[PDB]
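All remarks here apply to the structure that follows.
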Amino acid sequence: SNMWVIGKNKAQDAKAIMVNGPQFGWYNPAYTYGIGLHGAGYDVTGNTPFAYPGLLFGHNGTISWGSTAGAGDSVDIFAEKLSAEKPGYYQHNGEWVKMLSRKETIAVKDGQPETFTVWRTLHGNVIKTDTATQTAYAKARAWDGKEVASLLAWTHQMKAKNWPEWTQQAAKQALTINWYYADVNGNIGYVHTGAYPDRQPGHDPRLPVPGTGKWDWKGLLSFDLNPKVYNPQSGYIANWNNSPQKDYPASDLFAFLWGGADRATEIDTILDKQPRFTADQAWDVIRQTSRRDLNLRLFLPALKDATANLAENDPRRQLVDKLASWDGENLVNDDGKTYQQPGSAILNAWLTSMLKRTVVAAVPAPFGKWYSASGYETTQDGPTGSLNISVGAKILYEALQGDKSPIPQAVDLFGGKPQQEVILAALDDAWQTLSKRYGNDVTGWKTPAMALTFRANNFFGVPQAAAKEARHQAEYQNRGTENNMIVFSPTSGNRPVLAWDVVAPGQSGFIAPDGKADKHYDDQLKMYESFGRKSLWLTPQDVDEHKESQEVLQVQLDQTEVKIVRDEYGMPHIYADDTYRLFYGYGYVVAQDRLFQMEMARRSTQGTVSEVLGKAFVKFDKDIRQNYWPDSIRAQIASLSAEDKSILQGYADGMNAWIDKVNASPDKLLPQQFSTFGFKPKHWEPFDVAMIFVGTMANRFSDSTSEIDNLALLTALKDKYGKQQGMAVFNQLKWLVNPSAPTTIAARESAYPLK
Ligand SMILES: [Ca+2]
């Protein structure tokens, strides 16, 4: 996910420009949902994943907001001490405490149901038990018990009118997500939001800690410690999942590092090349970053040095000369099947061989496979997400930096051989593989282009459309699933704010019972491919002047009415006087546009897929249920104020109003996928609405830990290199922090005070 926010000192013909590209993968229907909300203190326009009540990408006429992933470490594993004589108990503060447990039955269509038990301790749900060590591993998330408050913070931030009001809501968002701000006066800001644990001294957050009491978190760190910047000296804020600030620690995933090699550097390269950017030029950064090879910049210097004394008749030199003449941008040939230059294929073959000879060889099996990917992995459908510099390549980059790297090289990744020798041997391997495939003339190689697919299964691997609904795009683009831009105080025109976005394939996922797709089913697919965009309207006049339809909706609870206006792309705008009715309108239009997608997202987030799709989803459903505690979510909802509850209740009741119409006339209104998969939609409750957000936001971007696997790697490293060198090699592959990491906030603004 990327973002660039350009302030008054860096914007041309405007006071601020915000361009966001969240990367969630590609799907049909669209991952995000376009919506405008007008009333009850809200006046917003934008789009948001799974139609959450809170819009992730949009503006209110005064401020605009966005987000990117890039988790720090807010998830730890507590190794609970068990008793052979007291099963279901664990030791805490000198006593045997009983675990909570719940029974769950997975109903299976045309199959056999399965019952299992989910266990939970004061640290969290149990994710693994180990007989030999009498341990039950419990997953502690700093945001546990704050899932519903996080959803409400994302909704209430839409009403903020300045930096202090907005940061007040940012402090209430507990998931580890980057938040961005821009406003009508040209101010820009960033907050790396999230609840973070205040750990005991000596707690290494990359590995499990005993759950017996001594290692319990002291509590949560203050919001004063969350990285933030307002109007940075640079005049811009850029991010591509990289570190928020100097010395800020990343999540403990062995596959995730913030090091000297980072793709975010590519955005800074573009933004620093000219003093100011217009709205069109800021949008054009999407085209440029989408086509950038991320590895050329990192490895070309070492490749040129290794081949410096080779003659042009040497194939190793021919490969490097081809990379040296390349601008590093990938373009597709007229055939729509091959790249104009072979550079990425050459880097893939070389980097794959380099990793095998360096990082992979230094790590004992079976852990070498964690560092073997080059970053170019793809299928005929193309990459399922963004392209990044691989974890193996990041570690190799530090080794190539030598003394310039701040990471101590506890093990020489080159194994005693000079770095030029290994680089040349990898070039020999790449030459053998590539010349066998394309012949010996590198100037004529037509390497395959990566393609892009809007998948019919959602990110969980669960159908949200029929298989024939997959859509194809010839050119893979390393960009947001959606892209949106807000321009504040443009000098041209009479509007104080302009906004655009692209929600592909379309606003609607509706396919009628007879197979007829809605007119807004795929009318944004060509616009997506060509880097186009459509206007987002906010004011009643702009919405009215660009409308395709207008209607009134009678609220089932009291027969009052809300107004819904849809724009020329089918995007709905809700007009209501209070929270309950505003969110009722929202729920209703979501049920009209995305009912099958939302019903499948509801089943995905609650682990109730097998009930309708059969035995194929049983272990998926079990894994979902093991990873949450419904009583916690229900208790959080029960304790809400009437006003906060009205958001969820209004939304569910609104969906229900349309579901009632669908079920009374299914021959005309039932989305075709319900007939294809053989079931009917049923009513929603506030719990269902909360679980769309918990299951697709909290569990997708804020529930990452590999501490158990990290411990197994550390154990194997100590077996191979000894206790001392083994821990130092662990620090080289999975450093806590790397001061050379490119950061969103410049070191001169602020650094992380915790060491
Ligand atoms: Ca951790």
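Every chain in the structure tokens takes a letter, A first, then B, and so on in the order presented; its residues are numbered from 1, and the ligands are numbered from 1 following the presented order.
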
message = Show me, as a ChimeraX atom specification, the residues that have an atom within 8 Å of segment 513-528 of chain A when counting only C-alpha atoms, minus same-chain residues fewer than 5 positions from it.
response = /A:29,502-508,533,569-570,666-672,675

For chain A versus ligand 1, which residues have an atom no more than 9 Å away, and what is each residue's nearest atom pair and distance in Å rounded to one decimal, using only C-alpha atoms and all ligand atoms, chain-then-number order, as a Markdown table?
```
| residue | atom | partner | partner_atom_place_in_ligand_line | distance |
| --- | --- | --- | --- | --- |
| A:72 | CA | ligand 1 | 1 (Ca) | 8.9 |
| A:73 | CA | ligand 1 | 1 (Ca) | 5.2 |
| A:74 | CA | ligand 1 | 1 (Ca) | 6.2 |
| A:75 | CA | ligand 1 | 1 (Ca) | 4.6 |
| A:76 | CA | ligand 1 | 1 (Ca) | 3.8 |
| A:77 | CA | ligand 1 | 1 (Ca) | 6.7 |
| A:140 | CA | ligand 1 | 1 (Ca) | 8.7 |
| A:141 | CA | ligand 1 | 1 (Ca) | 8.9 |
| A:204 | CA | ligand 1 | 1 (Ca) | 7.9 |
| A:205 | CA | ligand 1 | 1 (Ca) | 4.1 |
| A:206 | CA | ligand 1 | 1 (Ca) | 5.1 |
| A:207 | CA | ligand 1 | 1 (Ca) | 6.7 |
| A:208 | CA | ligand 1 | 1 (Ca) | 7.7 |
| A:251 | CA | ligand 1 | 1 (Ca) | 6.4 |
| A:252 | CA | ligand 1 | 1 (Ca) | 5.1 |
| A:253 | CA | ligand 1 | 1 (Ca) | 8.2 |
| A:704 | CA | ligand 1 | 1 (Ca) | 8.4 |
| A:705 | CA | ligand 1 | 1 (Ca) | 6.1 |
| A:706 | CA | ligand 1 | 1 (Ca) | 7.8 |
| A:707 | CA | ligand 1 | 1 (Ca) | 6.4 |
```

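Nearest residue to residue 500 of chain A, choosing from A:308, A:487, A:229, A:754 and counting only C-alpha atoms: A:487.
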
Please provide the set of residues having any atom within 8 Å of residue 58 of chain A, restricted to only C-alpha atoms, with same-chain residues fewer than 4 positions apart removed, written as a PDB file with C-alpha atoms, in the first residue's frame.
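Below you can see selection.pdb, which holds the result:
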```pdb
ATOM      1  CA  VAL A  44     -18.125  12.785   3.307  1.00  0.00           C
ATOM      2  CA  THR A  45     -17.310  11.186  -0.028  1.00  0.00           C
ATOM      3  CA  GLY A  46     -14.933   8.321  -0.803  1.00  0.00           C
ATOM      4  CA  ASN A  47     -14.560   4.564  -0.841  1.00  0.00           C
ATOM      5  CA  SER A  64      -8.950  14.321   3.726  1.00  0.00           C
ATOM      6  CA  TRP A  65      -7.588  11.048   5.051  1.00  0.00           C
ATOM      7  CA  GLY A  66      -6.004   7.806   3.966  1.00  0.00           C
ATOM      8  CA  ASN A 484      -7.789   8.065  -5.036  1.00  0.00           C
ATOM      9  CA  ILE A 486      -7.879  14.763  -3.085  1.00  0.00           C
TER      10      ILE A 486
END
```

inquiry  = Applying 10 Å and only C-alpha atoms, which residues near residue 249 of chain A remain after dropping the ones on its own chain fewer than 3 positions away? List them as a list in words.
reply    = residues 71, 72, 73, 205, 243, 244, 245, 246, 252, 257, 258, 735, 736, 737, 738, 752, 754 and 755 of chain A

Please write the residues from the selection above to a file, keeping N, CA and C atoms, as a tab-separated table (two decimals), in the first residue's frame.
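Result written to result_9.tsv:
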```tsv
chain	number	residue	atom	x	y	z
A	71	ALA	N	2.91	-2.58	9.81
A	71	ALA	CA	2.85	-2.90	11.23
A	71	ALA	C	4.15	-2.89	12.00
A	72	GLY	N	4.06	-2.30	13.18
A	72	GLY	CA	5.08	-2.47	14.20
A	72	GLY	C	4.73	-3.77	14.93
A	73	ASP	N	5.37	-4.01	16.09
A	73	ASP	CA	5.11	-5.23	16.84
A	73	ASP	C	4.13	-5.00	17.99
A	205	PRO	N	10.78	-9.04	21.81
A	205	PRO	CA	9.46	-9.28	21.21
A	205	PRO	C	9.43	-10.16	19.97
A	243	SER	N	9.18	1.82	7.37
A	243	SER	CA	9.26	2.32	8.74
A	243	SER	C	8.68	3.73	8.91
A	244	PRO	N	7.95	3.95	10.02
A	244	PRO	CA	7.43	5.30	10.29
A	244	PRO	C	8.53	6.31	10.65
A	245	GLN	N	9.55	5.88	11.42
A	245	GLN	CA	10.59	6.78	11.90
A	245	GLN	C	11.83	6.02	12.40
A	246	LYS	N	12.96	6.73	12.55
A	246	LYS	CA	14.21	6.12	12.98
A	246	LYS	C	14.09	5.33	14.28
A	252	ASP	N	7.27	-8.77	14.32
A	252	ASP	CA	8.25	-9.83	14.51
A	252	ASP	C	8.27	-10.88	13.38
A	257	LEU	N	10.93	-7.06	7.08
A	257	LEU	CA	12.05	-6.25	7.55
A	257	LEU	C	11.94	-4.83	7.01
A	258	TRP	N	12.45	-3.87	7.79
A	258	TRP	CA	12.61	-2.48	7.41
A	258	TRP	C	14.12	-2.28	7.44
A	735	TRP	N	16.76	-8.53	12.48
A	735	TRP	CA	17.14	-7.47	13.39
A	735	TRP	C	15.89	-6.85	14.04
A	736	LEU	N	16.05	-6.32	15.26
A	736	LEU	CA	14.96	-5.63	15.93
A	736	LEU	C	14.74	-4.31	15.21
A	737	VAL	N	15.83	-3.56	14.97
A	737	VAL	CA	15.79	-2.29	14.24
A	737	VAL	C	17.03	-2.16	13.33
A	738	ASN	N	16.91	-1.35	12.29
A	738	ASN	CA	18.00	-1.10	11.35
A	738	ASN	C	17.97	0.40	11.13
A	752	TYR	N	12.42	7.31	17.46
A	752	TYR	CA	11.78	6.54	18.53
A	752	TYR	C	12.64	6.60	19.78
A	754	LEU	N	12.35	4.86	22.64
A	754	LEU	CA	12.59	3.55	23.26
A	754	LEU	C	13.70	2.80	22.52
A	755	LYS	N	14.70	2.30	23.27
A	755	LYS	CA	15.83	1.58	22.68
A	755	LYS	C	15.73	0.06	22.84
```

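Between atom CA of residue 385 of chain A and atom CA of residue 331 of chain A there is a distance of 18.9 Å.
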
Closest atom pairs, segment 1-40 of chain A residues within 9 Å of segment 471-483 of chain A, only C-alpha atoms, as CSV:
```
residue,atom,partner,partner_atom,distance
A:1,CA,A:480,CA,6.2
A:2,CA,A:480,CA,7.1
A:19,CA,A:483,CA,7.1
A:20,CA,A:483,CA,5.7
A:21,CA,A:480,CA,3.7
A:22,CA,A:480,CA,4.5
A:23,CA,A:480,CA,4.5
A:24,CA,A:481,CA,5.9
A:25,CA,A:481,CA,6.1
A:26,CA,A:481,CA,5.9
A:27,CA,A:471,CA,8.1
A:28,CA,A:471,CA,7.1
A:30,CA,A:481,CA,8.3
A:31,CA,A:481,CA,7.3
A:32,CA,A:482,CA,7.4
```

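Comparing A:371, A:78, A:164, A:107 by their smallest distance to residue 617 of chain A, the closest is A:107 (using only C-alpha atoms).
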
ask   = Which polymer residues have any atom within 10 Å of an atom of residue 745 of chain A, counting only C-alpha atoms, with same-chain residues fewer than 4 positions away left out, as a PyMOL selection string?
value = chain A and resi 190-191+227-230+232-234+236-239+243-246+749-751

Selected residues written out, N, CA and C atoms, as a compact mmCIF listing (two decimals), in the first residue's frame:
```txt
# COMPACT_ATOMS: atom_id res chain seq x y z
N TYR A 190 0.72 12.95 9.52
CA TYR A 190 0.85 11.51 9.56
C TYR A 190 0.86 11.04 11.00
N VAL A 191 0.19 9.92 11.28
CA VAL A 191 0.24 9.27 12.57
C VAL A 191 0.34 7.76 12.30
N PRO A 227 4.54 7.29 16.45
CA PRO A 227 5.16 8.19 15.47
C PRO A 227 4.14 9.11 14.80
N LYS A 228 4.46 10.40 14.75
CA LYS A 228 3.62 11.38 14.11
C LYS A 228 4.40 12.59 13.66
N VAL A 229 3.93 13.23 12.60
CA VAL A 229 4.55 14.45 12.10
C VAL A 229 3.45 15.33 11.51
N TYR A 230 3.56 16.64 11.69
CA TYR A 230 2.60 17.61 11.18
C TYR A 230 3.42 18.65 10.44
N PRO A 232 5.80 18.42 7.83
CA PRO A 232 7.25 18.17 7.84
C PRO A 232 8.00 19.16 6.97
N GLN A 233 9.25 19.44 7.34
CA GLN A 233 10.14 20.37 6.62
C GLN A 233 10.29 19.99 5.15
N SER A 234 10.23 18.69 4.84
CA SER A 234 10.34 18.22 3.47
C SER A 234 9.18 18.67 2.56
N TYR A 236 6.41 16.99 2.26
CA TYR A 236 5.65 15.81 1.85
C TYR A 236 5.82 14.65 2.81
N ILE A 237 4.87 13.70 2.74
CA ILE A 237 4.84 12.48 3.52
C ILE A 237 4.62 11.33 2.54
N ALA A 238 5.56 10.38 2.47
CA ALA A 238 5.44 9.26 1.56
C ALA A 238 5.61 7.95 2.32
N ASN A 239 4.89 6.92 1.88
CA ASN A 239 5.01 5.62 2.52
C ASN A 239 4.69 4.51 1.55
N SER A 243 9.18 1.82 7.37
CA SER A 243 9.26 2.32 8.74
C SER A 243 8.68 3.73 8.91
N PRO A 244 7.95 3.95 10.02
CA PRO A 244 7.43 5.30 10.29
C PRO A 244 8.53 6.31 10.65
N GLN A 245 9.55 5.88 11.42
CA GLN A 245 10.59 6.78 11.90
C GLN A 245 11.83 6.02 12.40
N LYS A 246 12.96 6.73 12.55
CA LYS A 246 14.21 6.12 12.98
C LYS A 246 14.09 5.33 14.28
N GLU A 749 13.01 15.43 12.33
CA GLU A 749 11.70 15.74 12.90
C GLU A 749 11.62 15.03 14.27
N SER A 750 11.83 13.70 14.27
CA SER A 750 11.79 12.87 15.47
C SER A 750 12.29 11.44 15.21
N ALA A 751 12.70 10.77 16.29
CA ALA A 751 13.13 9.38 16.30
C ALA A 751 12.41 8.65 17.46
```

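Between residue 498 of chain A and the residues A:340, A:743, A:535, A:265, the shortest atom-to-atom distance, using only C-alpha atoms, involves A:535.
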
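The two atoms in question, atom CA of residue 339 of chain A and atom CA of residue 296 of chain A, are spaced 15.6 Å apart.
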
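Proximity to residue 147 of chain A was assessed for A:292, A:86, A:172, A:594 counting only C-alpha atoms; the smallest distance is recorded for A:172.
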
request  = Please provide the set of residues having any atom within 9 Å of segment 94-96 of chain A, restricted to only C-alpha atoms, with same-chain residues fewer than 5 positions apart removed, written as a PyMOL selection string.
outcome  = chain A and resi 82-83+86+89+212-213

inquiry  = Give me the residues near residue 587 of chain A as a PyMOL selection string, where near means some atom within 8 Å (using only C-alpha atoms) and where sequence neighbours in that chain fewer than 3 positions away do not count.
reply    = chain A and resi 583-584+590-591+650-655

remark   = In terms of only C-alpha atoms, the residue from A:157, A:290, A:554, A:125 at minimal distance from residue 59 of chain A is A:157

query = Just asking: which residues within segment 366-427 of chain A are alpha helix (DSSP H) according to DSSP, as a PyMOL selection string?
reply = chain A and resi 391-401+419-427

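Of note, atom CA of residue 430 of chain A and atom CA of residue 390 of chain A are spaced 18.1 Å apart.
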